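First comes the structure, then the notes that go with it.
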């Protein structure tokens, strides 16, 4: 015929992460843009690689 | 609720049988677990002695 027991409790855990900035660029001279090449447009080829 | 269920299960597996007088002067009892009754067929597998 005893009394009710005491109570107890607990809490969760927390986790974190950050955001990151990514940058990639390409450049070409205006003279080279006008020149014709057998392989193809130099500006278009560079963007694929980048 | 999870704690209550886990306690009931573990008591029914590993409990021991006893009777004693409580603080208020009333009987206090504990139930004997499954391992308490199984005594003939026990085996400890391992490399060490015993």
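Couple of notes before you dig in:
- Sorted by Cβ neighbour density within 10 Å, fewest at the top, the residues A:49, B:6: A:49, B:6
- Radius of gyration and Dmax over the Cα atoms of chain A, both given in Å: 31.8, 99
- As a rough footprinting exposure proxy, the listed residues B:45, B:12 were ranked by other beta carbons within 10 Å of their own, and the order from fewest upward is B:45, B:12.
- Linear extension gain, residue B:42 paired with residue B:5, 0.36 nm per residue minus alpha-carbon span: 10.6 nm
- From the Kirkwood radius over Cα pairs of chain B, Stokes-Einstein at 37 °C and 0.692 mPa s returns a whole-number translational diffusion coefficient of 244 µm²/s.
- Shielding of peptide B:21-33 by partners, expressed as the average count of other chain Cβ atoms within 10 Å per residue Cβ, is 1.
No lab work stands behind these numbers, since they all come straight from the coordinates. So basically every Cβ, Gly included, is an ideal-geometry build from the backbone, and we count neighbours across all protein chains shown.
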